[PDB]
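Peer 1: as they sit in the full assembly, here are the leading chains:
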Amino acid sequence: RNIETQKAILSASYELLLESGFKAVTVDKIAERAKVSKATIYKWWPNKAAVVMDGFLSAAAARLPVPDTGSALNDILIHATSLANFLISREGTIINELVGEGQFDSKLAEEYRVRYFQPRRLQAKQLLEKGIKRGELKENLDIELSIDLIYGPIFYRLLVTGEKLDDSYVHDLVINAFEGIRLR
């Protein structure tokens, strides 16, 4: 109901996150910075991961535009490139850190799976489902696996390999996920 209160709590959580890192954030510290009580915070968020996640999503331009180019390929290309561009952004670099912490904190992982990753994957599903009903995609396509083929390499590059995640790489990745490695 109170948008100013919600804003203060969310700004405080993100400020603390950037200043000190995830592990050091506590609900008490957020309450202190936001000048609200813990009970108020617990009106809207049960735990520190939930509030920090909403703080991040509030502060960053994480919501991707929805292409409708009439082409599954060119739709996914724009989607994946816009995702990759977010991830390399200063704001997007928080994702590394959160996923890193999430290897040790399943509460945080639950939060990013439902609040960050699910909505973006949903968008990708919507573009693929256009392609299916357009009759341009595989017979009995496994949508979720197909999204794994595009997203997987993206996040693998971001988290593991440390290689350059640029438009040209993402272009090649999308095409090759569409063509497959088998000779045609």
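Peer 2: Perfect, thanks for sending it. Numbers count the residues shown, from 1 in each chain, chains lettered A, B, ... in the order given.

Peer 1: residue A:104: which element?
Peer 2: Element membership for residue A:104 (DSSP states H and E) is empty, with no helix or strand holding it.

Peer 1: my bad, residue A:154
Peer 2: Judged by DSSP H and E, residue A:154 forms part of helix A:143-156.

Peer 1: and that helix, C-alpha only, in PDB?
Peer 2: What follows is helix A:143-156 as a C-alpha-only set of coordinates in PDB (Å, rounded to 0.1, in the frame of the first residue of the first chain):
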ATOM      1  CA  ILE A 143      10.700 -25.700 -25.300                       C
ATOM      2  CA  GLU A 144      12.500 -25.700 -21.900                       C
ATOM      3  CA  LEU A 145      15.500 -27.800 -23.300                       C
ATOM      4  CA  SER A 146      15.600 -25.300 -26.300                       C
ATOM      5  CA  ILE A 147      15.800 -22.400 -23.900                       C
ATOM      6  CA  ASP A 148      18.600 -24.300 -22.100                       C
ATOM      7  CA  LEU A 149      20.600 -24.400 -25.400                       C
ATOM      8  CA  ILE A 150      20.600 -20.600 -25.600                       C
ATOM      9  CA  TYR A 151      20.700 -19.600 -22.000                       C
ATOM     10  CA  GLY A 152      23.100 -22.300 -20.900                       C
ATOM     11  CA  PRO A 153      26.000 -21.200 -23.100                       C
ATOM     12  CA  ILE A 154      25.300 -17.500 -22.100                       C
ATOM     13  CA  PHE A 155      25.500 -18.200 -18.300                       C
ATOM     14  CA  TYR A 156      28.400 -20.700 -18.800                       C
END
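
Peer 1: what residues sit buried inside it?
Peer 2: Neighbour counts over helix A:143-156 (16 or more other Cβ atoms under 10 Å) mark A:143, A:146, A:147, A:150, A:151, A:153, A:154, A:155 as buried. In short, each C-beta sits where N, CA and C put it, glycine included.

Peer 1: the third one: what's it in contact with?
Peer 2: Going back to what we said before, that points to residue A:147. Under the criterion of Cβ atoms under 8 Å, 6 or more residues apart in numbering, the contact list for residue A:147 reads A:121, A:124, A:125, A:128.

Peer 1: could you find the closest non-adjacent residue to residue A:109?
Peer 2: In space, not counting the residues next to it along the chain, residue A:109 is nearest to residue A:102; the distance is 3.8 Å by Cβ to Cβ, 6 or more residues apart in numbering.

Peer 1: number of residues surrounding the one you found?
Peer 2: 18 (other Cβ atoms under 10 Å).

Peer 1: dump the residue contacts of it.
Peer 2: The neighbourhood of residue A:102, defined by Cβ under 8 Å, 6+ apart, consists of A:108, A:109, A:112.

Peer 1: to the structure above, add chain B:
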Amino acid sequence: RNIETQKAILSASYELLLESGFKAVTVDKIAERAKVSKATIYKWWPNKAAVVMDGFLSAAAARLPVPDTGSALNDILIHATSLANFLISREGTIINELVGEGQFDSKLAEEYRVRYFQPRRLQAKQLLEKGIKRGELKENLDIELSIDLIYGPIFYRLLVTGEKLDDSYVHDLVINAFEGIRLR
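Peer 2: So, slotting chain B in with the rest:
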């Protein structure tokens, strides 16, 4: 030269890693546990990440067998499944933790990239190069990108999604990376 000394240092580093986690390991602690001097350790390893990485690789069955089924598909299937099976193993679960820490410690990331990930990717390259000279793969195949299509989804599942990484998933993943999502 001294295999017993090397063994003691490597066992100590892995013991400390399992007991206390990566961040708490120090070269001093390894020296203490192994009953050797820091100077001895620094005969073979400059830093804690290097020694902990070799400790891990020494203790775990991380070296994958090399299929030669005369089929790029069935070769990669066996490779990727054996990798996935390692990753879900008790020993393999250390990879999550190391990559997690590696988001904050580039020294560790350098170590796992060259000592763990590179050799496995090399093996995958060798299987794909058989397929290319067999004339069963794509015209002008980008080998490294192709490995990204298989490995990426694997590590994405392991690190981000928390979904079940089983033989059947890996099977579907490999086939779909071979077929592509575009209608044939």
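
Peer 1: go back to the neighbour count of residue A:102, now with chain B?
Peer 2: Residue A:102 is surrounded by 24 other residues when neighbours are defined as other Cβ atoms under 10 Å in any protein chain shown.

Peer 1: so who does the residue in chain A that chain B sits nearest to touch?
Peer 2: Taking Cβ to the nearest Cβ, chain B has its nearest neighbour within chain A at residue A:180, 2.6 Å off. Residue A:180 is in contact with B:138, B:176, B:177, B:178, B:179, B:180, B:181, B:182, counting by Cβ atoms under 8 Å, 6 or more residues apart in numbering or on different chains.

Peer 1: what about the helices in chain A?
Peer 2: Per DSSP state H, chain A carries helices over the ranges A:3-20, A:27-34, A:38-44, A:48-59, A:72-88, A:94-102, A:106-112, A:118-133, A:143-156, A:167-179.

Peer 1: gap between the two ends of stretch A:159-170?
Peer 2: Stretch A:159-170 has an end-to-end distance of 15 Å (criterion: Cα to Cα, to the nearest Å).

Peer 1: centre of the chain versus that stretch, how much separation?
Peer 2: 16 Å (Cα atoms, centre = their mean, to the nearest Å).

Peer 1: which parts of that stretch are buried?
Peer 2: A:159, A:160, A:161, A:165, A:169, A:170 (16 or more other Cβ atoms under 10 Å in any protein chain shown).

Peer 1: ok so, going back, and the angle from the helix holding residue A:154 to helix B:143-156?
Peer 2: With axes from the mean of the first three to the mean of the last three Cα atoms, to 10 degrees defining the directions, helix A:143-156 sits at 110 degrees from helix B:143-156.

Peer 1: does any part of helix A:143-156 sit near chain B?
Peer 2: Yes. Remark: helix A:143-156 sits within contact range of chain B at A:145, A:146, A:148, A:149, A:151, A:152, A:153, A:154, A:155, A:156, by Cβ under 8 Å from any Cβ of the partner chain.

Peer 1: ok, and the most crowded of the contacts of residue A:180?
Peer 2: Ranked by neighbours (other Cβ under 10 Å), the contacts of residue A:180 are led by residue B:177, which has 30 neighbours.

Peer 1: residues contacting the nearest residue to that one once chain neighbours are set aside?
Peer 2: Nearest-residue entry for residue B:177: residue B:149, 4.4 Å, with adjacent residues in sequence omitted and distances by Cβ to Cβ, 6 or more residues apart in numbering or on different chains. Contacts for residue B:149 (Cβ under 8 Å, 6+ apart) come out as A:149, A:152, A:153, A:173, A:176, A:177, A:181, B:177.

Peer 1: equivalent analysis for residue A:54, please.
Peer 2: The contact partners of residue A:54, by Cβ under 8 Å, 6+ apart, come to A:10, A:13, A:45, A:115.
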